[PDB]
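Beneath this line is the structure, given in structure tokens, with notes to follow.
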4 protein chains.
Amino acid sequence: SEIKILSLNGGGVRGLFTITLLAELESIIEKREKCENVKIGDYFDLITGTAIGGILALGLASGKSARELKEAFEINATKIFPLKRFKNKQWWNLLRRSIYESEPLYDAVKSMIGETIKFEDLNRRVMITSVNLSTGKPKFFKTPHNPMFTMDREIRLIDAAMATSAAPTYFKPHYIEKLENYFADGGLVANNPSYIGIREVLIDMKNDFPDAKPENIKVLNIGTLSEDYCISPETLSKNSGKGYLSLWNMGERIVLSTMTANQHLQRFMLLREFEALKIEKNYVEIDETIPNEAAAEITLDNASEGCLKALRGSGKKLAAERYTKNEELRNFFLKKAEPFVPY
Amino acid sequence: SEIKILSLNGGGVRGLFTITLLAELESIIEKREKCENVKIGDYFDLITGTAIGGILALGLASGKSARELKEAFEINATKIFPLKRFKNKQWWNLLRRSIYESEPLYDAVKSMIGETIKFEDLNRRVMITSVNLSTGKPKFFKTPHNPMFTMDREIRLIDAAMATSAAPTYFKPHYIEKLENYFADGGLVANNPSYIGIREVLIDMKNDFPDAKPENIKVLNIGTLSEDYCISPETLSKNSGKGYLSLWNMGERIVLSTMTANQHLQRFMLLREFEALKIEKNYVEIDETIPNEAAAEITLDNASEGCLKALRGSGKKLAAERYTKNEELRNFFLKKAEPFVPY
Amino acid sequence: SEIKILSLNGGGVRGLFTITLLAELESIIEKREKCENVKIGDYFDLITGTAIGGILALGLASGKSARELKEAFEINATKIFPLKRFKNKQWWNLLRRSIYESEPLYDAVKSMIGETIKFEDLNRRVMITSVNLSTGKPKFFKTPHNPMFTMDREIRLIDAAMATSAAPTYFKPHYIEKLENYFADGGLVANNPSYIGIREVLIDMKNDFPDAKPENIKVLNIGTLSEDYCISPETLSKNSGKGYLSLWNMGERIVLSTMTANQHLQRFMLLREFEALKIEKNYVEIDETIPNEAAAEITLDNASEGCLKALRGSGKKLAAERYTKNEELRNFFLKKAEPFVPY
Amino acid sequence: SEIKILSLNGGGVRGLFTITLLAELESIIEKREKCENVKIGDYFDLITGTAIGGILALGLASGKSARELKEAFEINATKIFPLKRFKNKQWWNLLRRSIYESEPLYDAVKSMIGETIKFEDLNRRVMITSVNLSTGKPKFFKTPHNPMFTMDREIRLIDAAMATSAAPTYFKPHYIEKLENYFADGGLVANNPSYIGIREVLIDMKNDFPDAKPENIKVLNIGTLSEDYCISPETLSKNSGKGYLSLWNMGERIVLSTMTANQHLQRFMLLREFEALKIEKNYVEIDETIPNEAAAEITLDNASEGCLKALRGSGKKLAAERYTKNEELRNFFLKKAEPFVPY
Ligand SMILES: Nc1nc2c(ncn2[C@@H]2O[C@@H]3COP(=O)(O)O[C@H]4[C@@H](O)[C@H](n5cnc6c(N)ncnc65)O[C@@H]4COP(=O)(O)O[C@H]3[C@H]2O)c(=O)[nH]1
Ligand SMILES: Nc1nc2c(ncn2[C@@H]2O[C@@H]3COP(=O)(O)O[C@H]4[C@@H](O)[C@H](n5cnc6c(N)ncnc65)O[C@@H]4COP(=O)(O)O[C@H]3[C@H]2O)c(=O)[nH]1
Ligand SMILES: Nc1nc2c(ncn2[C@@H]2O[C@@H]3COP(=O)(O)O[C@H]4[C@@H](O)[C@H](n5cnc6c(N)ncnc65)O[C@@H]4COP(=O)(O)O[C@H]3[C@H]2O)c(=O)[nH]1
Ligand SMILES: Nc1nc2c(ncn2[C@@H]2O[C@@H]3COP(=O)(O)O[C@H]4[C@@H](O)[C@H](n5cnc6c(N)ncnc65)O[C@@H]4COP(=O)(O)O[C@H]3[C@H]2O)c(=O)[nH]1
């Protein structure tokens, strides 16, 4: 009759906005409905995540409230992105090794989600998009909502969270000993896992949803302050005939353009499809754009207190504003989603 | 009742195998059906391509036969990719400028379709993929099959052909005066234009085909011998803790993994969508992998005198083999496609 | 039955985006309707402008098309904003004189609309916002659509255009000899004249339209690529306890915050009023934020060939996209507005 | 039906006139009606405020008499504006840090309404206009007269009152912990909160007042001895080609002209709208202008004993005169306003 999907983009530190918006939404539901022990993850039949959105997707899927994840986000964000290595993000340090370390990231998820629970212990469906560097193909960690799935049942949620967050430059690739393969972010293939989220319900979650059409699918995509990347007009008009050193500075501009264009495309097919069935209102996207002055400050991995306050303030402001105006946002929390019982 | 789509990937010189397979298919139809001057582009309701696939798609839709395109490819490939520039791909050359030149590529396209034909003159539907470097969004050049289109009616086909083939490293970005925006290769987004080709029929081509569903859509994807790129196990295991210089070589590994993973993802989406719909013979894919001992010679920008023969030999071989075996391949050419008359 | 208002924001060189969007909006109408010498000012019952939007508003009401105004914009942009003045914008050249001579701007307006035409020689209603520096009140130059108007019937249009474009820091205040009062930029009061444009139709324009309500009013607000200004979170967090030199650098932050908030405020009451009456579709806004990379290049007074291409390219792109999607945008140009007969 | 709005303008210590006039009006109602315990806030259905007007608006809406607010105004004015800081307003002190301190202002507000009352506790509707420096948009703190409001309900009144009084040059920006956003004076967008007051009754307060029209809306805008700021005719004539040293005297003249022009504009559209329906009597404005020699002493932050007497004397003088003459002023205090109960 109705299927609700929560999609979280990958934004690193900017995932604080993703969790602050969800945490602020939890308090609004409790205050207005006079209830208690409200978890944002109980209203969604599928929770899709990618990069830092994947880590929050696993936390909500297990059963933790967004406020608890938000509390762990604040203390851990400084440890995950120390200021000693943020200032050393220059050429010869990057040319020698990846910045930061995976151990602070590993410990943060361990307290957040655990170190033993696997996908077969989850009562909520989840997707953790990632790419397999060993084979070159994208590998999507997910709960066995398909009865015939025999691969992701006994991985461990911490392995999926570490795999999708192992940024190609910001972190070392994550080795899963169970799979004997190395992994990287799902943002390389889908920074906005909202289109692929709709696909899974249509073709794979048929045991639970025998008749699933896009009209009965509602998507609540919470962005991470999506940056609209583009090459500067002066560089394009002046350095078009150059190469690498001037245009496409090292590999940076090629991948960032590749990520942004791919991210835009998946959103475009998501948008283009919905107007075809005239059901655009089913897609609720809650995201904004960083102002130019704030854009140079709020980066992917900036843990400074000033920008952390800005991310928290943006999430609190957007959550309250969109709840008042967007009626479709309020419809996600009218009823609790049925728990996922593996077949 | 039936919709046919031709999808062509991007491989550079390896696109000769795409046109050699189409050229040999044209001769087979003439020999068996006892006809003359058959056009391989007259049996498709929509022709979509990327990079070298886009140039071939534009040429086929303009009315030029695949055999004419085949002989044009042979002579021009030595000019588009000169031996002196191919041999001079040192790091300092790529760091100083872009290898190869855009002038020889411009002449090859001009000699085949012209320099004045626009998308409004074509009698065959066309979908060309490109990346708008000025904005970051993917721009898809197309004929006005949807009457509401008001952007691409007066852009020359040579402008779209040069834009989609503008490889980020192997060519300078193509500047379109009619749009004042710079463009890069369409292979950064949709190197396999198979999934997006079906989407256009179900979204934008609703005028000619009102009741269009994937069950009535047959896709003939002709690959360009694309290798399954992956990071070597020795480099992954030995250098997972390094950066740029060792792991993610400068930027090539990050970009190359991103393209193949996205290309895999779009291919996977098509396969998964078709598998669920219990029809898979609709997707006729004719592609192969280069043997390891021959993969070091057949490069996307290497022509030589043997690689020309090797790609041509594969095209003639695969055209005859799949025609004899794949029954659904023969069903593509059983009837000519209706002409595209813009509304 | 229906009243159409065209609102033009002020952005300096960014008005080239405003005129490029209007230029190809004329071209699309000329194509699809198969007409010639189309005038975009004939479809609007009232044209409202501010700063560079005011100059273009006066030109369109003279009976001239947007394409002719666009051609003069390109040649005069490098003349109104010389590169030598652009490079020398330090504090010593800003505290000693206004930067950018006013004569080059004078000739550009003179060469297009003339030098002797007055507000009584206009067949289209006009609103031009300005700040009367001598009295500290907003002075709104407008055609005598109110029959009791006896103030600006004999003032040259070049004086109103020169007054509304006098940016307080860039262009020195414009002395109107007919009124003996000095004037400054009209963007200090209403940088988005969309809201005040509706007020004029309801309050003063009661002779041409006796029964005017916001329900029967359609507004086509063409933006100026305006940036949503805000103080950087790093500066607010660390330097909120300081004054002037650190926070509110000299005075730039106070004026920019005051103008941006006021522009936001007037935009907000426009949205709230239309939301209350369920006529949100009547307000058609065509604007787009500049990316962070492009923001450092597309400033308010940069007329470099790279920035001009981007502003022209954005206008070219937006005009075609919005025409295809926004049906309400197409409905503006269905019929020509009756000419304004002064009374 | 009838709807009464009380609007209080900002200005700092000149708000003593605003509270003295309200205090004298309270005593007049007691004396002529022969009653006791008269609250001036019980006769208005909405109280709009800004800067010192907003602080008084919160106090009146809390339920406290104007005389009680007036008594604390005289005692706290000296500590809020100490003479040592008032005389030390040289450029080298303003260029280093903001004049005055917000701690005495914090205690003065705390001693009046408290430190724990929130917008959900108020029985009277209220506005608090402010500028969100972190985002650039204007934020309007208000009681939940709209049942869908979810943001300001749990915000302490002392935070909103301190936000609207944060004059950009005089008081440091107020950092709200609950919102993680910095705020500035609300007089940057509305020094005269009268026009926006009428809008709310027609837009947000549609639940308590379904059939609300500007005809049934009566406004009592109490001024703050507002000065009609303008640039000196000698300066505009002698120095019109200079910049930022002789003209604009740094940034002070630009912000002052922008603030006064915006304040003039909002009053202008208020008068124009009321004049349109011939209901100009609905707007009762009780304000005057300081004489030229007196204005050199009575500033926005002058807490001298002589200046306080003049402001108190003017409030007592105007309260008796306007009550005698203005019949519409007497009609305000004829029936107590219905208390506001949140839904
Ligand atoms: N994800 C997953 N696959 C499983 C599991 N058990 C068995 N499998 C099988 O392994 C194949 C490859 O898995 P992958 O995640 O490595 O590649 C996936 C992933 O790269 C991509 N994909 C998966 N779900 C997707 C989705 N919803 N949208 C877009 N792409 C998606 O398509 C590939 C093929 O999916 P498939 O369902 O045809 O084949 C599965 C599936 O049949 C299991 O527990 N999880
Ligand atoms: N491509 C194109 N768009 C046109 C044309 N005339 C008007 N438009 C409009 O411009 C918009 C953006 O064009 P784009 O091709 O640069 O971006 C496109 C392209 O990046 C992508 N896209 C379009 N068709 C697609 C498809 N079939 N499959 C996958 N992605 C597709 O989605 C974007 C939005 O498509 P849309 O149809 O909603 O909006 C169009 C469309 O309404 C025209 O001739 N071509
Ligand atoms: N603009 C204008 N005013 C004229 C003219 N002939 C006589 N007047 C009178 O001069 C007054 C002040 O003009 P202004 O433009 O300097 O200030 C104007 C302008 O600052 C503002 N205003 C006018 N129309 C507006 C509008 N539609 N939206 C917002 N603000 C507006 O309100 C002020 C008072 O308008 P009003 O119509 O009550 O009084 C006019 C009007 O009665 C005339 O030809 N033009
Ligand atoms: N003021 C307010 N807004 C709330 C509250 N709870 C949710 N909201 C929502 O937040 C939006 C932005 O609030 P803001 O005060 O920061 O910006 C406001 C303020 O800058 C301005 N505004 C509001 N009422 C106004 C009014 N009466 N007159 C003039 N401007 C007004 O318009 C903006 C958008 O108002 P809106 O009602 O469409 O959207 C609200 C509203 O839907 C709440 O408790 N108070």
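Here, A, B, ... name the chains of the structure tokens in the order displayed, residue numbers run from 1 inside each chain, and ligands are numbered from 1 in the same displayed order.
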Expected answer as a PyMOL selection string: chain C residues within 6 Å of chain B, only C-alpha atoms: chain C and resi 309+313+320+324
Resulting file, chosen residues, C-alpha atoms, as a CSV table (one decimal), in the first residue's frame:
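Written file, part.csv:
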chain,number,residue,atom,x,y,z
C,309,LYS,CA,31.0,33.4,-21.4
C,313,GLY,CA,26.1,30.4,-21.1
C,320,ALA,CA,15.9,26.6,-22.9
C,324,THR,CA,10.6,23.2,-21.8
Expected answer as JSON, numbers by chain: residues within 8 Å of ligand 3, only C-alpha atoms and all ligand atoms: {"C": [132, 137, 138, 139, 140, 141, 142, 143, 144, 146, 148, 149, 150, 151, 152, 153, 195, 196, 197, 198, 199, 200, 201, 203, 204], "D": [264, 265, 266, 268, 269, 271, 272]}
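Within the 9 Å cut-off around residue 79 (chain D), using only C-alpha atoms and omitting residues fewer than 2 positions from it on the same chain, the listed residues are residues 75, 76, 77, 81, 82, 83, 104, 105, 108 and 303 of chain D.
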How would the residues just picked look written out with N, CA and C atoms as an mmCIF file, in the first residue's frame?
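Writing the result to part.cif gives the following:
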data_model
loop_
_atom_site.group_PDB
_atom_site.id
_atom_site.type_symbol
_atom_site.label_atom_id
_atom_site.label_comp_id
_atom_site.auth_asym_id
_atom_site.auth_seq_id
_atom_site.Cartn_x
_atom_site.Cartn_y
_atom_site.Cartn_z
ATOM 1 N N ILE D 75 16.133 52.521 35.720
ATOM 2 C CA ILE D 75 17.249 52.019 36.515
ATOM 3 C C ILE D 75 18.272 51.324 35.629
ATOM 4 N N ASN D 76 17.806 50.507 34.684
ATOM 5 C CA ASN D 76 18.707 49.693 33.880
ATOM 6 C C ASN D 76 19.349 50.461 32.733
ATOM 7 N N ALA D 77 18.795 51.613 32.350
ATOM 8 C CA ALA D 77 19.345 52.354 31.219
ATOM 9 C C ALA D 77 20.768 52.817 31.498
ATOM 10 N N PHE D 81 23.877 51.268 29.291
ATOM 11 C CA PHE D 81 24.659 52.249 28.542
ATOM 12 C C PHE D 81 25.496 53.043 29.539
ATOM 13 N N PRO D 82 26.582 52.463 30.049
ATOM 14 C CA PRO D 82 27.414 53.185 31.016
ATOM 15 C C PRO D 82 28.058 54.413 30.392
ATOM 16 N N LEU D 83 28.263 55.437 31.224
ATOM 17 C CA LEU D 83 28.847 56.679 30.733
ATOM 18 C C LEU D 83 30.311 56.508 30.355
ATOM 19 N N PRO D 104 25.180 43.606 31.069
ATOM 20 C CA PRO D 104 24.148 44.421 31.735
ATOM 21 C C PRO D 104 22.804 44.364 31.037
ATOM 22 N N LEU D 105 22.800 44.258 29.709
ATOM 23 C CA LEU D 105 21.545 44.085 28.991
ATOM 24 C C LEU D 105 20.911 42.737 29.300
ATOM 25 N N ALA D 108 19.279 42.982 32.817
ATOM 26 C CA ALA D 108 18.107 43.849 32.800
ATOM 27 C C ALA D 108 16.890 43.120 32.247
ATOM 28 N N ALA D 303 22.312 57.811 27.797
ATOM 29 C CA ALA D 303 21.631 57.534 29.054
ATOM 30 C C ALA D 303 21.874 58.619 30.095
#
Per residue of chain C within 8 Å of ligand 2, note the shortest atom pair and the distance in Å to one decimal, counting only C-alpha atoms and all ligand atoms, and order the rows by chain and increasing residue number, as JSON lines.
{"residue": "C:317", "atom": "CA", "partner": "ligand 2", "partner_atom_place_in_ligand_line": "10 (O)", "distance": 7.7}
{"residue": "C:320", "atom": "CA", "partner": "ligand 2", "partner_atom_place_in_ligand_line": "7 (C)", "distance": 5.6}
{"residue": "C:321", "atom": "CA", "partner": "ligand 2", "partner_atom_place_in_ligand_line": "10 (O)", "distance": 4.0}
{"residue": "C:322", "atom": "CA", "partner": "ligand 2", "partner_atom_place_in_ligand_line": "42 (O)", "distance": 7.3}
{"residue": "C:323", "atom": "CA", "partner": "ligand 2", "partner_atom_place_in_ligand_line": "7 (C)", "distance": 7.7}
{"residue": "C:324", "atom": "CA", "partner": "ligand 2", "partner_atom_place_in_ligand_line": "42 (O)", "distance": 5.1}
{"residue": "C:325", "atom": "CA", "partner": "ligand 2", "partner_atom_place_in_ligand_line": "42 (O)", "distance": 5.4}
Take the residues just selected and output them with N, CA, C and O atoms as a PDB file, in the first residue's frame.
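So again33.pdb came out as:
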ATOM      1  N   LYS C 317      21.506  28.404 -21.221  1.00  0.00           N
ATOM      2  CA  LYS C 317      21.064  27.115 -20.702  1.00  0.00           C
ATOM      3  C   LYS C 317      19.727  27.237 -19.983  1.00  0.00           C
ATOM      4  O   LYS C 317      18.815  26.431 -20.202  1.00  0.00           O
ATOM      5  N   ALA C 320      16.385  27.765 -22.250  1.00  0.00           N
ATOM      6  CA  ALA C 320      15.860  26.598 -22.950  1.00  0.00           C
ATOM      7  C   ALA C 320      15.253  25.591 -21.982  1.00  0.00           C
ATOM      8  O   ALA C 320      14.201  25.006 -22.265  1.00  0.00           O
ATOM      9  N   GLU C 321      15.903  25.370 -20.836  1.00  0.00           N
ATOM     10  CA  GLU C 321      15.410  24.384 -19.880  1.00  0.00           C
ATOM     11  C   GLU C 321      14.071  24.807 -19.291  1.00  0.00           C
ATOM     12  O   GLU C 321      13.116  24.023 -19.266  1.00  0.00           O
ATOM     13  N   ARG C 322      13.982  26.050 -18.815  1.00  0.00           N
ATOM     14  CA  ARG C 322      12.764  26.504 -18.155  1.00  0.00           C
ATOM     15  C   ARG C 322      11.591  26.582 -19.121  1.00  0.00           C
ATOM     16  O   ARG C 322      10.451  26.320 -18.726  1.00  0.00           O
ATOM     17  N   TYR C 323      11.843  26.943 -20.380  1.00  0.00           N
ATOM     18  CA  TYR C 323      10.768  26.967 -21.364  1.00  0.00           C
ATOM     19  C   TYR C 323      10.189  25.574 -21.576  1.00  0.00           C
ATOM     20  O   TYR C 323       8.970  25.411 -21.697  1.00  0.00           O
ATOM     21  N   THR C 324      11.052  24.558 -21.628  1.00  0.00           N
ATOM     22  CA  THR C 324      10.585  23.187 -21.818  1.00  0.00           C
ATOM     23  C   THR C 324       9.761  22.705 -20.631  1.00  0.00           C
ATOM     24  O   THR C 324       8.713  22.074 -20.812  1.00  0.00           O
ATOM     25  N   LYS C 325      10.215  22.993 -19.412  1.00  0.00           N
ATOM     26  CA  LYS C 325       9.582  22.460 -18.208  1.00  0.00           C
ATOM     27  C   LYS C 325       8.465  23.367 -17.697  1.00  0.00           C
ATOM     28  O   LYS C 325       7.314  22.938 -17.580  1.00  0.00           O
TER      29      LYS C 325
END
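Put simply, CA of residue 223 (chain A) is 7.3 Å away from CA of residue 285 (chain A).
Running DSSP on the backbone and keeping only strand (DSSP E), the residues of region 137-226 of chain A that qualify are residues 138, 139, 140, 141, 142, 174, 175, 176, 181, 182, 183, 184, 185, 217, 218, 219, 220, 221 and 222 of chain A.
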Write to file, as an mmCIF file, in the first residue's frame, the residues of the selection just made, with C-alpha atoms.
data_model
loop_
_atom_site.group_PDB
_atom_site.id
_atom_site.type_symbol
_atom_site.label_atom_id
_atom_site.label_comp_id
_atom_site.auth_asym_id
_atom_site.auth_seq_id
_atom_site.Cartn_x
_atom_site.Cartn_y
_atom_site.Cartn_z
ATOM 1 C CA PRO A 138 30.279 -2.178 -7.062
ATOM 2 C CA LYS A 139 29.397 -4.421 -4.119
ATOM 3 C CA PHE A 140 26.195 -3.608 -2.224
ATOM 4 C CA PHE A 141 26.085 -4.916 1.336
ATOM 5 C CA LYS A 142 22.488 -5.535 2.356
ATOM 6 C CA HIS A 174 39.072 -1.371 3.810
ATOM 7 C CA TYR A 175 40.032 -5.053 3.762
ATOM 8 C CA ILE A 176 37.213 -7.474 4.595
ATOM 9 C CA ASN A 181 38.598 -8.180 -1.044
ATOM 10 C CA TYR A 182 39.353 -4.475 -0.692
ATOM 11 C CA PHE A 183 36.597 -1.869 -0.841
ATOM 12 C CA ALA A 184 36.036 1.873 -1.190
ATOM 13 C CA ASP A 185 33.135 4.320 -0.993
ATOM 14 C CA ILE A 217 7.303 4.286 -3.044
ATOM 15 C CA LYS A 218 8.106 7.406 -1.014
ATOM 16 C CA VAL A 219 11.737 8.509 -0.732
ATOM 17 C CA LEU A 220 13.077 10.811 1.986
ATOM 18 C CA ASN A 221 16.541 11.772 0.740
ATOM 19 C CA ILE A 222 18.485 13.713 3.376
#
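Taking CA of residue 48 (chain B) and CA of residue 343 (chain B) as the two end points, the separation is 20.3 Å.
When only C-alpha atoms are used to measure the gap to residue 112 (chain C), the shortest distance among C:254, C:277, C:72, C:319 belongs to C:72.
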Just the residues within 10 Å of residue 287 (chain D), please, counting only C-alpha atoms, with nothing from its chain fewer than 5 positions along; format it as a list in words. residues 17, 18, 221, 222, 223, 224, 225, 226, 314, 315 and 318 of chain D
Keeping only N, CA, C and O atoms, write the selected residues to a file as a short mmCIF file (atom, residue, chain, number, x, y, z; two decimals), in the first residue's frame.
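The resulting part_34.cif:
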data_model
loop_
_atom_site.label_atom_id
_atom_site.label_comp_id
_atom_site.auth_asym_id
_atom_site.auth_seq_id
_atom_site.Cartn_x
_atom_site.Cartn_y
_atom_site.Cartn_z
N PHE D 17 10.93 56.70 25.57
CA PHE D 17 9.73 57.38 25.09
C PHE D 17 8.62 56.38 24.79
O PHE D 17 7.44 56.64 25.06
N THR D 18 8.98 55.23 24.21
CA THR D 18 7.98 54.23 23.87
C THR D 18 7.31 53.68 25.12
O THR D 18 6.09 53.46 25.14
N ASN D 221 1.07 52.14 16.09
CA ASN D 221 2.52 52.12 15.98
C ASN D 221 3.10 53.24 16.83
O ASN D 221 2.95 54.42 16.49
N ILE D 222 3.74 52.88 17.93
CA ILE D 222 4.38 53.85 18.81
C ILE D 222 5.81 54.06 18.33
O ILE D 222 6.60 53.11 18.30
N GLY D 223 6.14 55.29 17.97
CA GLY D 223 7.46 55.59 17.47
C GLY D 223 8.50 55.59 18.57
O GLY D 223 8.23 55.34 19.74
N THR D 224 9.74 55.88 18.17
CA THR D 224 10.87 55.95 19.08
C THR D 224 11.66 57.23 18.77
O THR D 224 12.89 57.26 18.69
N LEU D 225 10.92 58.32 18.57
CA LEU D 225 11.49 59.61 18.18
C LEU D 225 12.39 59.43 16.95
O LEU D 225 13.55 59.83 16.93
N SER D 226 11.82 58.80 15.93
CA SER D 226 12.59 58.42 14.75
C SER D 226 13.10 59.66 14.02
O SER D 226 12.36 60.63 13.83
N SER D 314 8.65 63.80 26.83
CA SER D 314 7.95 63.67 25.55
C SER D 314 6.89 62.59 25.62
O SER D 314 5.78 62.76 25.10
N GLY D 315 7.21 61.45 26.24
CA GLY D 315 6.23 60.39 26.36
C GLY D 315 5.01 60.80 27.16
O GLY D 315 3.87 60.50 26.79
N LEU D 318 3.08 63.57 24.86
CA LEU D 318 2.35 63.05 23.71
C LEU D 318 1.19 62.16 24.12
O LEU D 318 0.15 62.13 23.45
#
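What separates CA of residue 29 (chain B) from CA of residue 41 (chain B) is a distance of 12.9 Å.
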Would you kindly return, as an NGL selection string, each protein, DNA or RNA residue with an atom no farther than 8 Å from any atom of residue 22 (chain C), considering only C-alpha atoms and excluding same-chain residues fewer than 5 positions away? :C and (40 or 66-67 or 319)
At a cut-off of 10 Å, using only C-alpha atoms, what residues contact residue 240 (chain D)? Leave out same-chain residues fewer than 2 positions from it and give the result as a PDB file with N, CA and C atoms, in the first residue's frame.
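Once written, part-v2.pdb looks like this:
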ATOM      1  N   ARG C  97      38.363  57.744  -3.641  1.00  0.00           N
ATOM      2  CA  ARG C  97      37.441  58.062  -4.723  1.00  0.00           C
ATOM      3  C   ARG C  97      36.590  56.834  -4.997  1.00  0.00           C
ATOM      4  N   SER C  98      35.504  57.047  -5.730  1.00  0.00           N
ATOM      5  CA  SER C  98      34.730  55.931  -6.244  1.00  0.00           C
ATOM      6  C   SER C  98      35.482  55.282  -7.399  1.00  0.00           C
ATOM      7  N   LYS C 172      29.661  56.821  -8.489  1.00  0.00           N
ATOM      8  CA  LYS C 172      29.354  57.995  -7.693  1.00  0.00           C
ATOM      9  C   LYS C 172      27.872  58.352  -7.826  1.00  0.00           C
ATOM     10  N   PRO C 173      27.293  58.996  -6.812  1.00  0.00           N
ATOM     11  CA  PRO C 173      25.859  59.303  -6.861  1.00  0.00           C
ATOM     12  C   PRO C 173      25.515  60.182  -8.053  1.00  0.00           C
ATOM     13  N   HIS C 174      24.344  59.934  -8.630  1.00  0.00           N
ATOM     14  CA  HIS C 174      23.919  60.621  -9.841  1.00  0.00           C
ATOM     15  C   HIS C 174      23.107  61.856  -9.477  1.00  0.00           C
ATOM     16  N   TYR C 175      23.554  63.014  -9.954  1.00  0.00           N
ATOM     17  CA  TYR C 175      22.886  64.285  -9.703  1.00  0.00           C
ATOM     18  C   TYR C 175      21.884  64.524 -10.827  1.00  0.00           C
ATOM     19  N   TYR C 182      20.377  64.244  -5.286  1.00  0.00           N
ATOM     20  CA  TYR C 182      21.316  63.180  -5.601  1.00  0.00           C
ATOM     21  C   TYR C 182      20.681  61.824  -5.324  1.00  0.00           C
TER      22      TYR C 182
ATOM     23  N   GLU D 234      25.600  69.916   1.875  1.00  0.00           N
ATOM     24  CA  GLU D 234      26.972  70.345   1.637  1.00  0.00           C
ATOM     25  C   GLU D 234      27.861  69.163   1.273  1.00  0.00           C
ATOM     26  N   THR D 235      27.692  68.035   1.967  1.00  0.00           N
ATOM     27  CA  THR D 235      28.500  66.856   1.673  1.00  0.00           C
ATOM     28  C   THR D 235      28.157  66.275   0.306  1.00  0.00           C
ATOM     29  N   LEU D 236      26.865  66.166  -0.012  1.00  0.00           N
ATOM     30  CA  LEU D 236      26.454  65.626  -1.304  1.00  0.00           C
ATOM     31  C   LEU D 236      26.896  66.500  -2.468  1.00  0.00           C
ATOM     32  N   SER D 237      27.133  67.788  -2.234  1.00  0.00           N
ATOM     33  CA  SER D 237      27.575  68.703  -3.278  1.00  0.00           C
ATOM     34  C   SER D 237      29.084  68.886  -3.305  1.00  0.00           C
ATOM     35  N   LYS D 238      29.713  69.070  -2.144  1.00  0.00           N
ATOM     36  CA  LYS D 238      31.163  69.220  -2.108  1.00  0.00           C
ATOM     37  C   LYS D 238      31.868  67.903  -2.403  1.00  0.00           C
ATOM     38  N   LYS D 242      34.057  61.683  -4.295  1.00  0.00           N
ATOM     39  CA  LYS D 242      34.943  61.008  -3.364  1.00  0.00           C
ATOM     40  C   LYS D 242      34.313  59.688  -2.922  1.00  0.00           C
ATOM     41  N   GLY D 243      35.005  58.967  -2.045  1.00  0.00           N
ATOM     42  CA  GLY D 243      34.485  57.694  -1.589  1.00  0.00           C
ATOM     43  C   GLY D 243      35.034  57.203  -0.266  1.00  0.00           C
ATOM     44  N   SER D 246      35.393  60.974   2.652  1.00  0.00           N
ATOM     45  CA  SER D 246      34.560  62.167   2.707  1.00  0.00           C
ATOM     46  C   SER D 246      33.101  61.830   2.447  1.00  0.00           C
ATOM     47  N   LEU D 247      32.840  61.010   1.436  1.00  0.00           N
ATOM     48  CA  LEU D 247      31.516  60.459   1.215  1.00  0.00           C
ATOM     49  C   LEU D 247      31.391  59.148   1.977  1.00  0.00           C
ATOM     50  N   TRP D 248      30.202  58.913   2.531  1.00  0.00           N
ATOM     51  CA  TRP D 248      29.835  57.706   3.269  1.00  0.00           C
ATOM     52  C   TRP D 248      30.496  57.626   4.644  1.00  0.00           C
TER      53      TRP D 248
END
For each of A:84, A:327, A:133, A:62, take the minimum atom-to-atom distance to ligand 4, counting only C-alpha atoms and all ligand atoms, then give the residue where this is smallest. A:327
